[PDB]
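Taking it in order: structure first as structure tokens, then the write-up.
Here is the naming used below: chain letters follow the sequence lines, and residue numbers restart at 1 for every chain.
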Amino acid sequence: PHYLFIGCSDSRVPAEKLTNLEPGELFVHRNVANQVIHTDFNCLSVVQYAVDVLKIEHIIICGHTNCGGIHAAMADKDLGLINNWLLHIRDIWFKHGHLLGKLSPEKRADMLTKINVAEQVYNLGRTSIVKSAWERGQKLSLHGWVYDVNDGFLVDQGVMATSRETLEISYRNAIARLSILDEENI
Amino acid sequence: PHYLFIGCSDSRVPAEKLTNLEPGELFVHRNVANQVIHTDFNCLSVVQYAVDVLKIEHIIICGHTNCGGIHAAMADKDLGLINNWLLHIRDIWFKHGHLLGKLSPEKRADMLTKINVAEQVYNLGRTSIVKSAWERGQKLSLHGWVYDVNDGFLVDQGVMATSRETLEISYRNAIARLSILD
Amino acid sequence: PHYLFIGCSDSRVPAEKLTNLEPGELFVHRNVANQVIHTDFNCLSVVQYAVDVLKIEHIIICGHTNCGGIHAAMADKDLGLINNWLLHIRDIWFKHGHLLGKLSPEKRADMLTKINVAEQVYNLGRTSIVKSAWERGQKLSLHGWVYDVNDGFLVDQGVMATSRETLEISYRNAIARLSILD
Amino acid sequence: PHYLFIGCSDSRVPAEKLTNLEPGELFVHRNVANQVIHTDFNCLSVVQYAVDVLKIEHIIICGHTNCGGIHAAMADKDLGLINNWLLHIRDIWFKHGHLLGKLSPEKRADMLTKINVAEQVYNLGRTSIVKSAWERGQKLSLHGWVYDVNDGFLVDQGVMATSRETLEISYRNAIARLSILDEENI
Ligand SMILES: [Zn+2]
Ligand SMILES: [Zn+2]
Ligand SMILES: [Zn+2]
Ligand SMILES: [Zn+2]
């Protein structure tokens with residue numbers, strides 16, 4: 001395995017399709033809305049294992065459009081235990097509430113999906129695990145993609161980091177690019 | 001989707017190919033050595049969302065032979081943070097230490113991969129989420145599977161549960177069947 | 001017990017002395033920098049047990065000045081695993097980066113300790129556990145406190161919530177009061 | 001601080017009383033039934049911080065008799081989310097089910113309390129954190145106590161470990177001593 005893939009439990013396309021890699025090359029974690037929560041033991045131990053033990057040099061976080069987890073985060077109904085998991089997504093919503101407010105209602109979900117990926121790569125790059133790997137000169141790249149379920153194509157996004165400094169630049173640029181609106185507003 | 005599939009992060013077969021089902025039918029969680037740890041918020045919330053919100057009626061836990069997670073748990077090297085995750089597998093090894101001891105060292109892993117699946121289904125069945133769904137008459141079945149690629153085959157790992165009664169029985173029975181040695 | 005007290009692991013005053021209540025009244029959780037992290041199974045299950053089983057009607061979150069956890073979160077050294085826990089505090093610093101920037105460096109910590117308490121009460125109030133108790137008319141109040149031992153005093157840190165309405169209002173107001181600088 | 005204290009959220013006696021130490025010497029974690037769950041980020045990060053950063057040389061896990069968490073684990077009602085936390089206690093019950101079965105019903109709780117502490121010290125000593133500290137020759141002792149709420153006195157138990165080898169011996173001996181029954185059976 002040369003790639004750690006963090007995808008959503010909704011996503012129906014296996015990482016094999018979205019990476020074009022042969023089975024065997026992918027180590028895969030899947031959770032609701034493809035999160036890297038700072039203190040999630042499950043995902044963190046996967047990342048530490050991939051980076052420190054398997055010496056994987058690429059981590060891909062992949063979100064997707066029409067994501068039930070994102071939709072569920074936004075609908076904010078009393079879904080039970082999962083609501084607590086999705087509160088990290090609502091924090092990201094409100095961190096970007098002015099931006100999201102400028103979009104037409106039916107465009108906001110897919111913007112949140114893209115913002116989410118950027119935020120999760122930013123979290124991943126700040127883990128003790130990735131920061132330490134970078135500090136000691138280990139080769140490690142982080143990638144944040146979004147897959148369009150409608151037209152079955154990727155969108156590389158451009159969140160790519162190979163060090164703590166490019167993490168800052170890449171994260172900032174991604175949010176700046178997301179803030180430039182097309183025909184999503186009236 | 002109609003199925004929740006809980007599988008391993010180092011598994012090399014997609015759930016869609018194992019199940020031979022539509023891309024659409026499977027809601028998927030993957031973690032190291034396909035665990036349902038009692039207090040893991042990640043897996044538990046997947047389960048709660050699947051059972052209570054998506055109204056899924058089948059949960060599959062799928063292990064596999066030649067599992068790097070099971071092997072790591074057994075090697076017990078200083079791997080770092082991941083060792084803490086895998087201590088749950090070491091607890092499983094010790095629980096079945098007598099059985100696993102009376103077996104050739106090169107065969108222990110694959111026995112442990114199967115025992116592990118039975119233990120995780122038993123854990124799944126004891127979650128507040130699943131207990132309470134069974135208590136209120138909700139239709140819900142748990143399946144423990146192991147796949148092997150020396151060739152290409154499966155085994156509904158003797159573990160099938162539709163209630164807490166059938167969970168005790170199926171769990172104990174699955175352990176007893178595994179205890180008969182080739 | 002009638003109170004759940006959530007405080008800091010490096011706090012040097014017992015909850016019983018702060019509250020001046022009986023040994024018996026306080027159910028107690030302590031973690032580093034007194035956090036209510038959305039997905040922390042440890043704190044959340046304490047909260048659920050306290051609210052749903054013990055039928056406790058008051059939750060206090062208590063921060064303190066000269067907090068080693070807040071200081072660690074700010075120093076951002078390579079401390080190891082603990083840094084991951086404290087990233088939630090760094091997220092809080094960034095959220096209030098403009099406010100904290102227009103303040104003397106030796107005063108930032110104590111401002112951040114207070115902001116932190118307001119943020120954790122807001123988190124507590126947004127748990128499925130507390131939301132749902134408020135929705136079904138259950139009597140339940142949340143209090144954010146900071147104590148200071150330059151001398152010995154408290155402050156119900158402007159944060160008091162008995163509903164989701166009063167949570168938004170009290171949260172925003174607590175932030176606004178903290179934003180007026182001495 | 002020279003002591004990390006892991007106690008129960010029930011316990012009403014502050015660690016100051018049970019250790020006789022001055023305020024300032026104790027770093028304290030409290031959770032339901034004083035557990036060290038292998039993958040609990042909260043408690044593990046506390047332990048890693050105490051051991052690696054604060055250079056604390058003593059960790060005390062303290063349970064107590066008449067523990068609501070233990071009682072709640074045993075009653076096995078549908079309490080909700082907390083049931084999942086307490087499932088680690090029921091695993092310990094069934095790991096020792098033959099022993100517990102020989103006791104009179106009204107003696108079983110306080111035996112589970114003692115067994116629990118032993119099991120939690122054993123977990124603590126197996127963390128990557130404590131095992132590594134020991135491996136590199138760091139001075140670190142683990143202590144498992146139980147406080148009797150009825151007669152306001154401690155019971156040191158004798159779970160004490162200063163290395164991985166004494167962890168095995170101490171844990172085994174503790175369970176062996178717990179298995180020798182007084183007048184708790186008929
Ligand atoms: Zn999704
Ligand atoms: Zn595997
Ligand atoms: Zn503190
Ligand atoms: Zn207790």
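- Of all residues in residues 106-126 of chain B, none places a non-hydrogen atom less than 4.5 angstrom from a non-hydrogen atom of chain A.
- Minimum heavy-atom separation, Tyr147(A) to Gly152(A): OH-CA, 3.3 Å.
- Chain A forms the most heavy-atom pairs under 4.5 Å with one residue out of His29(B), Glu25(B), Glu16(B), and that residue is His29(B).
- For residues 37-47 of chain B, heavy-atom neighbours of chain A at less than 4.5 Å comprise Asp40(B), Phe41(B), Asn42(B), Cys43(B), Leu44(B), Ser45(B), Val46(B), sorted by residue number.
- Separating the CG atom in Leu99(B) from the CG atom in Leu181(B) is a distance of 6.0 Å, to the nearest 0.5 Å.
- For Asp151(B), the CG atom counts as densely surrounded, since its 6.0 Å shell holds more than 12 non-hydrogen atoms of other residues, nucleotides or ligands.
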Test side chain to side chain contact (heavy atoms under 4.5 Å, CB included) applied to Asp10(A) and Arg30(A), step by step: CA-CA 9 Å; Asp10(A) 294 318; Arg30(A) 295 176 64 186; over 6 Å; no

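- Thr19(A) has its side chain out of reach of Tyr3(A): every pair of non-hydrogen atoms, C-beta onward, lies at least 4.5 Å apart.
- Considering every non-hydrogen atom in both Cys8(B) and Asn34(B), the closest pair reads CB-OD1, 3.4 Å.
- We find the CD-CG distance between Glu184(A) and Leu100(A) to be 12.0 Å, quoted to the nearest 0.5 Å.
- If you tally non-hydrogen atom pairs under 4.5 Å between each of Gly24(B), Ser11(B), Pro23(B) and chain A, the highest count goes to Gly24(B).
- No donor-acceptor pair under 3.5 Å is formed between the side chain of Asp156(B) and the backbone N or O of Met160(B).
- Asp182(A) and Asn185(A) get closest at one heavy-atom pair: O-OD1, 4.0 Å.
- The environment of NE2 in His71(B) is crowded: more than 12 heavy-atom neighbours from other residues, nucleotides or ligands sit within 6.0 Å.
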Worked verdict on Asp148(B) versus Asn150(B) for side chain to side chain donor-acceptor pair (under 3.5 Å): CA-CA 6 Å; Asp148(B) 174 23; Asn150(B) 191 281; 5.7 Å; no

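- With no hydrogens or angles considered, no side-chain donor-acceptor pair links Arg12(A) and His64(A) at under 3.5 Å.
- Most heavy-atom pairs under 4.5 Å with chain A, from the set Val32(B), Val28(B), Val53(B): that is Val28(B).
- Proximity of a side-chain donor or acceptor of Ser9(A) to a complementary backbone N or O of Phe27(B) within less than 3.5 Å is not detected.
- Around atom NZ of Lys17(B), no more than 12 heavy atoms belonging to other residues, nucleotides or ligands sit under 6.0 Å away.
- Close approach to chain A, defined as a heavy atom under 4.5 Å from one of its heavy atoms, is seen in no residue of residues 132-145 of chain B.
- Of all residues spanning residues 76-98 of chain B, those with a heavy atom less than 4.5 Å away from chain A's heavy atoms are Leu79(B), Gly80(B), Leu81(B), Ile82(B), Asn84(B), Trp85(B), arranged by number.
- Of all the heavy atoms in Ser179(B) and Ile175(B), the pair that sits closest is OG-O, 2.6 Å.
- Of all non-hydrogen atoms in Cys62(A) and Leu154(A), the two that sit nearest each other are SG-CD1, 4.2 Å.
- When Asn31(B), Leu54(B), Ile129(B) are compared by the number of non-hydrogen pairs under 4.5 Å with chain A, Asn31(B) comes out ahead.
- By the neighbour-count criterion of 12 heavy atoms within 6.0 Å, atom CZ of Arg164(B) is densely surrounded, having more than that number from other residues, nucleotides or ligands.
- Annotation for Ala174(B) and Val159(B): closest pair CB-CG2, 3.3 Å, computed over non-hydrogen atoms.
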